[PDB]
Structures are given as C-alpha cells and as structure tokens.
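Heads up, the thing below is written out as structure tokens.
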Amino acid sequence: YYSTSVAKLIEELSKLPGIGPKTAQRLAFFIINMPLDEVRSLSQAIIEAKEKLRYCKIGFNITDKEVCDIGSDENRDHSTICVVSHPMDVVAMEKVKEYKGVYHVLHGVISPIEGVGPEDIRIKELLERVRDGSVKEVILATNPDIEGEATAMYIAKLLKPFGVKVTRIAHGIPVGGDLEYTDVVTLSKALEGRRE
Amino acid sequence: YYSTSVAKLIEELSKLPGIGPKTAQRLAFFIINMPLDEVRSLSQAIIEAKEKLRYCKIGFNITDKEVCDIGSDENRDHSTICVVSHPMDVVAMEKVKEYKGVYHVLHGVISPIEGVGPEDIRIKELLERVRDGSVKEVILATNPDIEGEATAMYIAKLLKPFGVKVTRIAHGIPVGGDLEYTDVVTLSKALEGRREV
Ligand SMILES: [Zn+2]
Ligand SMILES: [Zn+2]
C-alpha cells in the first residue's frame, strides 16, 4: 500500500513506454526521496519540453525554432529528401556522418489495424514539395514491415509522374549476420531483391 | 563425483560446441536413463551419419550418394546455381521454400587469416560448371561478412568473361528491424544500396 499521491505517480509513470508496473513503483519511491530542488527540475523539464516544442514548418520534425537546424544549415543540400517514420529516425540517419541531405518524419505509418491512413500523416504535405522546389532525390526510409513497406510503396509509385528520382532503402540481410542464423522471411526477401 | 563411465560421457559430450558442463551432466543422465534400445538408437545414429556422409560430385554438398537429391532432380532449374559457403547454408536456403535452382557449395571462404586461398575452397569447379554447362544465372550467397564478401567478389571477377547474369543476395535491414537499433554499416548500405522503387 501507499498514499494516494504516490499511487497516482505510479499510475502516471506506468503509462510510459518500457516503464512497467514494478519499474514505476521503484521510480516513484526514488523520485519522492529526491532532494526537492531536483524533483523540481525534473518536473520543470517535463513541462518545459512540451510547451517549448515546435513542429518544423518544412520537415515537420521536432525542434525549438520554426524551421529545423538540419533544414536551416547553410552548407546543406535540401534536394536529397528522406521520408522517415519518427523523430529519432532522423537522429539514427544523422548518426551516419555521410549523407548531407534532408528529411520527412510523419509520426505514423499506414496502419488500418491501428487506424491512421494517408491523411493523418504528411503525404500530400510532401506532395506539395517535390513538384515545388525541384528535388533531385526522394528516398523513402520507413521500417521494412507491412506498415513501413506498404506505406512508402503507396508513395513511391506517385513519384513516377513528375521527373523526381524515387528510391527505397534496402530490405535484406544485415551486415555481419549469416544465412545460418537468419529467419526465413528475411531470407525469402533477400533472395527476391537480389540483383547485385 | 561421477562413475568413470559417466564422467567419460560427460567429458566427451562437453567437447561438442555450445554444450556447457552443467548441460553435459544433465544430458549424460537423461541418456543413461533412457530405455536401452533408445540409447542404442542414438549411438548408432551418430556412427552411421558419420560413415554414410559423401559429397555430391556436382555441387559438393554433403549427401550420401554420388548425386544429391536436388541435383539428380530433373525438374529443378539446373541453369541457376546458388553459391553458398557450407552445407547448412543450403538448408537455410531450401527452408525458404521459394527457390527453384541448384547450389554450388564452396566449403569455406577466402580467409587470409586462417590461410585458405581461392583454391582451398571449391571455386574452380564452380567455373568449370559455368564454362561447360549452360548457366543463365549464378547467385552469390556468401555471408555479408568481410571474409564472405571478399569471397563473393573474387568469384564475380572470374565469372565476368562468361555470358552469365551474376547476382548477390541483398544486404540492408532485415524484416522487423527498426532503424533505431540497426547500425551505421548496415544503414550505409540501405542508402548506398538504395534503388528506384
Ligand atoms: Zn526540419
Ligand atoms: Zn549436388
């Protein structure tokens, strides 16, 4: 048992990803033991982050400013697009230190099972970009599952009309792994997309 | 402790890879404990599987006859060879249930570390097969390893002069990986390896 305020915190904590029921218990107790001044920075930070957030006018990704920082670098090429899934996906890309182009998060995918379709994301929002400012490369880098693949696929064939160079990433087997410990579907799919 | 003949069994079981001493013991008992004719089964299944092993005179795959059930399978696409490092890789590939061609198994990779050269695995006989037969496609399915790739390309060079379509099984993101866990070298390659549609 515990106070009502402690329960609440445990409820509010459990709504969080990867925080389980036991994990939310330990943390609650930890937080309430924290020096006051420090529990206030945490609460601060939580509230500061939200109100201080903006969805960039261009990439529609997370930042302080209107534009981005990726999208308002001088020495950058905003003609190599990258349709991507979710905010941390950019951070994943950008960790590559090669590829000096731009992006396109969506905070969703095509999921009739989880709801959202082409509307709830930035499709027609990009459809007003490539045809706009003339874009060389539009790379579609969503996850490789149903949502991931059958999203960027309903897009990639709508990059035939205007001359814009269309692309997908690479399904297949990862670098390092072997056919021995590799699942059939990944294998089925890397035999199909063989070409070179 | 253990009776000389159990510690024997353990000593030997533990020689098998992936088998921990705690596991060697556990198995030791299970076995001992089985009905006689069942251990008789197992001990005979070991010795006969070793002694019946053979390599297929065309594909080099482990089998038990002069030809392998795939090669002496007349209604298989004998004109597409799927190139592989070991016997178990053909099983991997065959477990897919989509292919339709045949295999050439090298029996290794070019490894300067371990001291295995192109003539130490089964490459020349690959070429023979291609020069002599009527092959439309070779497929290189060596591991995306550095060793596995340094092998796929060396073959690729000696294949060029022939008329053959030579392909590589695709590397990139496996099905059911997020990009968040996927690493730099693979990421590269779904960029680098990017393609129209
Ligand atoms: Zn932006
Ligand atoms: Zn054979």
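All Cβ positions, even for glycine, are placed from backbone atoms using ideal geometry, and neighbour counts span all protein chains on display. Each value in this text was obtained by applying a stated rule to the coordinates, not by laboratory testing.
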Selection from B:72, B:20, B:86, by position along the positive dipole direction of chain B (Cβ): B:72
Label point distance in nm, residue A:91-residue B:114, each placed 7 Å from Cα along Cα→Cβ: 4.0 nm
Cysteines not pairable in chain B (beta carbon separation under 4.7 Å absent): B:82
Length released on extending from residue B:38 to residue B:128, taking residue separation times 0.36 nm less the Cα-Cα span: 27.8 nm
Environment charge of residue B:18, counting only residues whose C-beta is closer than 15 Å and scoring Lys/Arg +1, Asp/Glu -1: +1
About the Cα centre, charge dipole magnitude for segment A:41-133 (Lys/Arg +1, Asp/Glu -1 at Cβ), debye: 60 debye
Cleavage-rule hits (GluC sites (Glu not before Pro)) in segment B:123-197: DSSP loop, at most 10 neighbouring Cβ within 10 angstrom: B:196
Value at 222 nm in deg cm²/dmol, rounded to 500, when DSSP H runs of n ≥ 4 in chain B each add -39,500 (n - 2.57): -13000 deg cm²/dmol
Degrees, to the nearest 10: B:4-15 long Cα axis against longest axis of chain B: 10 degrees
Crossing angle, helix B:146-159 versus chain B [Cα axis fit, 0-90 degrees, rounded to tens]: 50 degrees
Gaussian network model of chain A, springs between alpha carbon atoms under 10 Å - residue of A:13, A:140, A:158 with greatest fluctuation: A:13
Among beta bridges that DSSP assigns inside segment B:49-197, antiparallel share in %, nearest 5: 20 percent
Restraint check, B:8/B:95; A:100/B:97; A:95/B:136; B:52/B:95; B:97/B:165, Cα-Cα greater than 30 Å: B:8/B:95; A:100/B:97; A:95/B:136
Debye, to nearest 20: dipole size of chain A, +1 on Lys, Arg Cβ, -1 on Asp, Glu Cβ: 260 debye
Sparse-neighbourhood loop sites, GluC sites (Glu not before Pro) in segment A:1-107 - DSSP loop, at most 11 other Cβ within 10 angstrom: A:74, A:98
Helix B:123-132 vs. chain B, principal-axis angle (Cα, 0 to 90°, nearest 10): 50 degrees
Highest-MSF residue in chain B out of B:85, B:43, B:111 [GNM, Cα springs under 10 Å]: B:43
